[PDB]
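Source file coords16.txt; content: compact mmCIF, C-alpha atoms and all ligand atoms.
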```txt
# COMPACT_ATOMS: atom_id res chain seq x y z
CA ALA L 1 15.03 -4.22 22.08
CA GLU L 2 13.43 -2.08 19.29
CA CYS L 3 15.59 -1.54 16.14
CA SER L 4 16.35 -5.22 16.03
CA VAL L 5 14.49 -8.48 15.56
CA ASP L 6 15.40 -12.11 16.08
CA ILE L 7 14.16 -14.39 13.32
CA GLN L 8 14.38 -18.16 12.69
CA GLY L 9 14.12 -20.37 9.62
CA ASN L 10 13.41 -24.05 10.43
CA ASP L 11 13.57 -27.40 8.63
CA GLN L 12 9.96 -26.72 7.62
CA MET L 13 10.64 -23.73 5.38
CA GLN L 14 9.05 -21.50 7.98
CA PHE L 15 10.20 -18.12 9.23
CA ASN L 16 9.08 -17.81 12.85
CA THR L 17 7.48 -14.48 11.98
CA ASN L 18 5.94 -13.06 8.85
CA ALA L 19 5.44 -9.38 9.62
CA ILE L 20 8.33 -7.14 10.61
CA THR L 21 7.68 -3.59 11.69
CA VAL L 22 10.60 -1.16 11.66
CA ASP L 23 10.30 1.81 13.99
CA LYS L 24 10.36 5.12 12.03
CA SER L 25 12.86 6.47 14.60
CA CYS L 26 15.56 3.83 14.37
CA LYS L 27 18.72 5.15 12.71
CA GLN L 28 19.62 1.53 11.84
CA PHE L 29 17.83 -1.82 11.90
CA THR L 30 19.25 -5.22 12.67
CA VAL L 31 18.01 -8.65 11.65
CA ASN L 32 19.36 -11.60 13.66
CA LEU L 33 18.79 -14.75 11.60
CA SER L 34 19.30 -18.22 13.05
CA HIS L 35 18.53 -21.77 11.93
CA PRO L 36 17.30 -24.41 14.39
CA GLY L 37 16.53 -27.86 12.96
CA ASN L 38 19.13 -30.26 11.63
CA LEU L 39 19.28 -29.85 7.86
CA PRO L 40 22.42 -28.55 6.09
CA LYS L 41 22.71 -25.39 3.96
CA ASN L 42 22.51 -27.22 0.64
CA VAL L 43 19.21 -28.85 1.50
CA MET L 44 17.45 -26.32 3.74
CA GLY L 45 19.41 -23.09 3.33
CA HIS L 46 17.85 -19.87 4.50
CA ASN L 47 18.83 -16.27 3.97
CA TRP L 48 16.84 -13.20 4.88
CA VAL L 49 16.62 -10.87 1.90
CA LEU L 50 14.84 -7.47 1.76
CA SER L 51 13.34 -5.77 -1.29
CA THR L 52 10.27 -3.88 -2.38
CA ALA L 53 7.22 -6.03 -2.96
CA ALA L 54 7.49 -5.21 -6.67
CA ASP L 55 11.11 -6.47 -6.96
CA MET L 56 10.79 -9.65 -4.85
CA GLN L 57 9.81 -11.88 -7.76
CA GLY L 58 12.67 -10.77 -10.04
CA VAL L 59 15.18 -10.95 -7.20
CA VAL L 60 14.15 -14.50 -6.44
CA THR L 61 14.25 -15.77 -10.04
CA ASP L 62 17.66 -14.28 -10.76
CA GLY L 63 18.77 -15.43 -7.33
CA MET L 64 17.93 -19.09 -7.82
CA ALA L 65 19.55 -18.85 -11.26
CA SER L 66 22.76 -17.70 -9.47
CA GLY L 67 23.44 -20.98 -7.64
CA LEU L 68 24.68 -22.03 -4.19
CA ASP L 69 28.15 -20.39 -4.51
CA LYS L 70 26.42 -17.05 -4.79
CA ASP L 71 24.22 -17.71 -1.73
CA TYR L 72 21.38 -17.70 -4.29
CA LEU L 73 21.61 -13.96 -4.89
CA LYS L 74 22.51 -12.16 -8.09
CA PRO L 75 25.91 -10.46 -7.61
CA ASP L 76 25.25 -6.76 -7.02
CA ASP L 77 21.52 -7.07 -7.37
CA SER L 78 20.63 -3.43 -6.81
CA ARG L 79 17.08 -4.49 -5.89
CA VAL L 80 18.34 -6.10 -2.70
CA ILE L 81 17.90 -3.50 0.02
CA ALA L 82 19.60 -5.74 2.59
CA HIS L 83 20.43 -9.42 3.01
CA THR L 84 22.07 -12.00 5.30
CA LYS L 85 24.38 -14.80 4.33
CA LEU L 86 22.77 -18.07 3.34
CA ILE L 87 22.87 -20.33 6.48
CA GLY L 88 22.38 -24.04 7.29
CA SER L 89 21.39 -25.78 10.49
CA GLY L 90 23.05 -24.47 13.64
CA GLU L 91 24.46 -21.40 11.82
CA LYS L 92 23.75 -17.76 12.60
CA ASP L 93 24.03 -14.42 10.65
CA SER L 94 23.18 -10.72 11.31
CA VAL L 95 22.55 -7.75 9.03
CA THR L 96 22.20 -4.06 9.91
CA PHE L 97 20.94 -1.42 7.50
CA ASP L 98 20.05 2.26 7.40
CA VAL L 99 16.39 2.98 7.97
CA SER L 100 16.87 5.91 5.57
CA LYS L 101 16.90 3.21 2.87
CA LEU L 102 13.17 2.69 3.63
CA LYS L 103 10.35 4.92 2.50
CA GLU L 104 6.95 5.59 4.10
CA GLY L 105 3.93 3.86 2.49
CA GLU L 106 5.87 1.34 0.46
CA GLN L 107 5.48 -2.46 0.63
CA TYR L 108 8.62 -4.36 1.39
CA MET L 109 9.04 -8.13 1.42
CA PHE L 110 11.55 -10.32 3.19
CA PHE L 111 12.18 -13.78 1.91
CA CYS L 112 14.53 -16.69 1.38
CA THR L 113 15.86 -17.07 -2.15
CA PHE L 114 16.80 -20.78 -1.92
CA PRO L 115 14.93 -22.97 -4.61
CA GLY L 116 11.38 -24.35 -4.02
CA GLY L 117 9.08 -23.41 -6.92
CA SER L 118 5.87 -21.60 -5.97
CA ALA L 119 6.86 -20.47 -2.48
CA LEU L 120 7.35 -18.77 -0.43
CA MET L 121 9.54 -18.38 2.62
CA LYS L 122 8.39 -14.80 2.74
CA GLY L 123 7.01 -12.08 4.97
CA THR L 124 6.20 -8.37 4.96
CA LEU L 125 8.31 -5.49 6.33
CA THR L 126 7.00 -1.93 7.12
CA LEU L 127 7.80 1.42 8.74
CA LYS L 128 5.83 2.78 11.69
CA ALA C 1 14.33 -60.88 -4.32
CA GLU C 2 15.17 -59.99 -7.96
CA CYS C 3 12.51 -58.13 -10.07
CA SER C 4 11.98 -55.72 -7.17
CA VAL C 5 13.91 -53.07 -5.21
CA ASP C 6 13.40 -51.25 -1.93
CA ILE C 7 14.27 -47.58 -2.11
CA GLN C 8 14.18 -44.74 0.38
CA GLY C 9 14.11 -40.96 0.15
CA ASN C 10 15.05 -39.13 3.36
CA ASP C 11 14.83 -35.62 4.89
CA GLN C 12 18.10 -35.02 3.11
CA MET C 13 16.83 -35.24 -0.50
CA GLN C 14 18.72 -38.51 -0.85
CA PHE C 15 17.62 -41.74 -2.45
CA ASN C 16 19.38 -44.63 -0.69
CA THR C 17 20.52 -45.94 -4.06
CA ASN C 18 21.38 -44.25 -7.34
CA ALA C 19 21.84 -47.17 -9.70
CA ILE C 20 19.06 -49.64 -10.37
CA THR C 21 19.65 -52.64 -12.58
CA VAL C 22 16.64 -54.45 -13.99
CA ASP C 23 17.09 -58.13 -14.80
CA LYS C 24 16.47 -58.78 -18.54
CA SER C 25 14.32 -61.81 -17.61
CA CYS C 26 11.81 -60.19 -15.28
CA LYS C 27 8.34 -59.98 -16.76
CA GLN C 28 7.58 -57.11 -14.33
CA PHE C 29 9.60 -54.91 -12.02
CA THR C 30 8.55 -53.48 -8.70
CA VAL C 31 9.82 -50.41 -6.88
CA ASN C 32 9.02 -50.13 -3.19
CA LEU C 33 9.43 -46.54 -2.08
CA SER C 34 9.41 -45.42 1.55
CA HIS C 35 10.18 -42.26 3.48
CA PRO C 36 12.02 -42.38 6.79
CA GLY C 37 12.66 -39.02 8.48
CA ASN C 38 10.07 -36.64 9.80
CA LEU C 39 9.21 -33.95 7.27
CA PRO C 40 5.71 -33.77 5.70
CA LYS C 41 4.78 -34.30 2.04
CA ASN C 42 4.45 -30.56 1.37
CA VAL C 43 8.00 -29.85 2.49
CA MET C 44 10.09 -32.93 1.63
CA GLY C 45 7.85 -34.88 -0.79
CA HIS C 46 9.42 -37.73 -2.75
CA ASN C 47 8.14 -39.77 -5.64
CA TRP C 48 10.02 -42.24 -7.81
CA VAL C 49 9.64 -41.40 -11.49
CA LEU C 50 11.13 -43.22 -14.49
CA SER C 51 11.87 -41.90 -18.02
CA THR C 52 14.60 -41.92 -20.66
CA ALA C 53 17.61 -39.75 -19.85
CA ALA C 54 16.54 -37.56 -22.74
CA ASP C 55 13.07 -36.88 -21.34
CA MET C 56 13.95 -36.39 -17.63
CA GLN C 57 14.47 -32.65 -17.98
CA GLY C 58 11.12 -31.82 -19.62
CA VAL C 59 9.24 -34.20 -17.33
CA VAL C 60 10.71 -32.45 -14.29
CA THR C 61 9.97 -28.95 -15.58
CA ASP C 62 6.40 -29.66 -16.61
CA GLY C 63 6.01 -31.69 -13.42
CA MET C 64 7.00 -28.85 -11.08
CA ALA C 65 4.73 -26.59 -13.13
CA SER C 66 1.85 -28.97 -12.28
CA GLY C 67 1.76 -28.30 -8.55
CA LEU C 68 1.29 -30.39 -5.38
CA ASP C 69 -2.27 -31.50 -6.32
CA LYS C 70 -0.86 -33.35 -9.32
CA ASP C 71 1.92 -35.02 -7.29
CA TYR C 72 4.17 -32.74 -9.36
CA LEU C 73 3.63 -34.75 -12.51
CA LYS C 74 2.04 -33.54 -15.72
CA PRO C 75 -1.32 -35.37 -16.14
CA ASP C 76 -0.84 -38.12 -18.75
CA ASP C 77 2.78 -37.33 -19.36
CA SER C 78 3.59 -39.93 -21.94
CA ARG C 79 7.31 -39.57 -21.20
CA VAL C 80 6.74 -41.14 -17.74
CA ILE C 81 7.46 -44.83 -18.07
CA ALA C 82 6.44 -45.51 -14.48
CA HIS C 83 5.93 -43.52 -11.28
CA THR C 84 4.89 -43.80 -7.64
CA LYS C 85 2.63 -41.56 -5.59
CA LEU C 86 4.22 -38.52 -3.94
CA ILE C 87 4.82 -39.43 -0.28
CA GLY C 88 5.67 -37.61 2.97
CA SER C 89 7.36 -38.90 6.13
CA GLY C 90 6.20 -42.33 7.27
CA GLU C 91 4.34 -43.02 3.99
CA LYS C 92 4.92 -45.89 1.60
CA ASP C 93 4.05 -46.57 -2.08
CA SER C 94 4.90 -49.29 -4.67
CA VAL C 95 4.81 -49.41 -8.46
CA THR C 96 5.05 -52.38 -10.79
CA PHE C 97 5.64 -52.09 -14.51
CA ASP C 98 6.24 -54.26 -17.60
CA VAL C 99 9.91 -54.80 -18.35
CA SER C 100 8.81 -54.94 -22.00
CA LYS C 101 8.49 -51.13 -21.74
CA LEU C 102 12.33 -51.03 -21.36
CA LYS C 103 14.76 -51.29 -24.24
CA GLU C 104 18.34 -52.66 -24.26
CA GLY C 105 21.14 -50.05 -24.52
CA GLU C 106 19.05 -47.06 -23.42
CA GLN C 107 19.78 -44.71 -20.48
CA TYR C 108 16.89 -44.38 -18.11
CA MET C 109 16.68 -41.97 -15.16
CA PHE C 110 14.75 -42.21 -11.88
CA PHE C 111 14.15 -39.06 -9.92
CA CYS C 112 11.85 -37.16 -7.61
CA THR C 113 10.00 -34.35 -9.31
CA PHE C 114 9.28 -32.30 -6.17
CA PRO C 115 10.70 -28.68 -6.51
CA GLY C 116 14.25 -29.09 -5.30
CA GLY C 117 17.13 -27.60 -3.35
CA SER C 118 20.68 -27.50 -4.76
CA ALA C 119 20.24 -30.14 -7.51
CA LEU C 120 17.97 -33.07 -8.36
CA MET C 121 17.39 -36.43 -6.64
CA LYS C 122 18.64 -38.44 -9.60
CA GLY C 123 19.62 -42.01 -10.40
CA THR C 124 20.17 -44.39 -13.29
CA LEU C 125 18.36 -47.52 -14.40
CA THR C 126 19.54 -50.06 -16.97
CA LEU C 127 18.60 -53.33 -18.66
CA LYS C 128 21.02 -56.16 -18.06
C1 LIG T 1 13.80 -22.65 2.38
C2 LIG T 1 13.33 -23.88 2.00
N1 LIG T 1 13.79 -24.13 0.78
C3 LIG T 1 13.53 -25.34 -0.01
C4 LIG T 1 13.96 -26.61 0.73
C5 LIG T 1 14.05 -27.76 -0.25
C6 LIG T 1 13.13 -28.92 0.09
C7 LIG T 1 13.46 -30.06 -0.87
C8 LIG T 1 12.35 -31.13 -0.94
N2 LIG T 1 12.52 -31.98 -2.13
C9 LIG T 1 13.14 -31.64 -3.27
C10 LIG T 1 13.10 -32.72 -4.13
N3 LIG T 1 12.43 -33.70 -3.50
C11 LIG T 1 12.09 -33.25 -2.27
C12 LIG T 1 14.50 -23.08 0.39
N4 LIG T 1 14.54 -22.17 1.38
ZN ZN T 2 15.52 -21.13 2.89
ZN ZN T 3 11.43 -35.47 -3.17
```

Once more with this new file: its structure as structure tokens, please.
Amino acid sequence: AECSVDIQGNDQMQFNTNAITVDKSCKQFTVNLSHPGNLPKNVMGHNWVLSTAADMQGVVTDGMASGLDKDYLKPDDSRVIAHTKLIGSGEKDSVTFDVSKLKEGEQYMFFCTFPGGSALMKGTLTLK
Amino acid sequence: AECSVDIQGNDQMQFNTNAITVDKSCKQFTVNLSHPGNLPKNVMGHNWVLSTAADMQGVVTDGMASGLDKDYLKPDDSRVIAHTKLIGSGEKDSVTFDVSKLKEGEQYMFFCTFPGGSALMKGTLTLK
């Protein structure tokens, strides 16, 4: 199954992968985010958020400053290329987005925007 | 056993108590901190740290800005009345301090200074 990827965030602040490759010839791409482990959303929440490498920092800072009610994202943060809901243990969220929103030779980062000082629940994303 | 208290911080960011009362007639007071649950120091670290209510904020901010090597405390933070080591799952640390360092009618706060989730692992402590 190209044009999708299953990804997990555990009670350890770990994504089960840190490099996503998106196939140049997908019209759309889907991220299937789950949470094993036993910790609730308010303690060990994870979302999967996509931005350019450059924007990641800003998106995170403004995101944490948005609070739990906003899934730790700034409302209408135009830097956020795509994102899932914030999930807790045993929950499950998907996000599909147009691959046309991605550009060749750019660094993208995926990450979780839930609080933790110097991080980071992060990973790279890239076309191919 | 007055003049001491056993206190736990779990994989949930929860101290097992949030109000400590120090007996006016103890010469010294002892806090026995332990960590049930399974998560390592670098994920779910807990220390027990005591300051005035006033100082708590600055101590926490400068503490998180100190990093894991410094047990998330500012070196020689003179606002820190007493503190334990930072511990992970299965670990155990105690701290004794002079009750003379406490003053009647003042709000004191105990807290973990590890970089948090939704809000802070707080509690109160009072002379009586
Ligand atoms: C993934 C992990 N996180 C942070 C999980 C919080 C861990 C809290 C540990 N802690 C906080 C205060 N004392 C101990 C955000 N997204
Ligand atoms: Zn997370
Ligand atoms: Zn802690």

Identify, counting only C-alpha atoms and all ligand atoms, the protein, DNA and RNA residues located within 12 Å of ligand ZN 2 (chain T), and give them as number ranges by chain.
-> L: 8-15, 33-35, 39-49, 60, 64, 68, 71-72, 84-89, 110-117, 119-122; C: 43, 116-118

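Here CA of residue 5 in chain L is placed at a distance of 19.7 Å from atom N4 of ligand LIG 1 (chain T).
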
So how far away is atom ZN of ligand ZN 3 (chain T) from CA of residue 24 in chain C, in Å?
-> 28.4 Å

Would you mind telling me which residue in C:124, C:38, C:17, C:52 lies nearest to chain L when using only C-alpha atoms?
-> C:38

Pick out the residues sitting within 12 Å of residue 51 in chain C, and hand them over as a ChimeraX atom specification; count all atoms listed in the file, and ignore anything fewer than 5 positions along from it in its own chain.
-> /C:56-60,77-83,101-103,106-113,122-126

Which distance in Å separates CA of residue 63 in chain L and atom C6 of ligand LIG 1 (chain T), to one decimal?
->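 According to the coordinates, CA of residue 63 in chain L and atom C6 of ligand LIG 1 (chain T) are separated by 16.4 Å.
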
Determine, counting all atoms listed in the file, which protein, DNA and RNA residues have an atom within 6 Å of an atom of residue 32 in chain C; residues of the same chain fewer than 2 positions away are not included. Present the result as a PyMOL selection string.
-> chain C and resi 6-7+94

Determine the nearest neighbour of chain C from the options L:30, L:100, L:21, L:66, counting all atoms listed in the file.
-> L:66

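Distance annotation: of C:22, C:2, C:16, C:93, the residue with the minimal separation from residue 127 in chain C is C:22; atom set is all atoms listed in the file.
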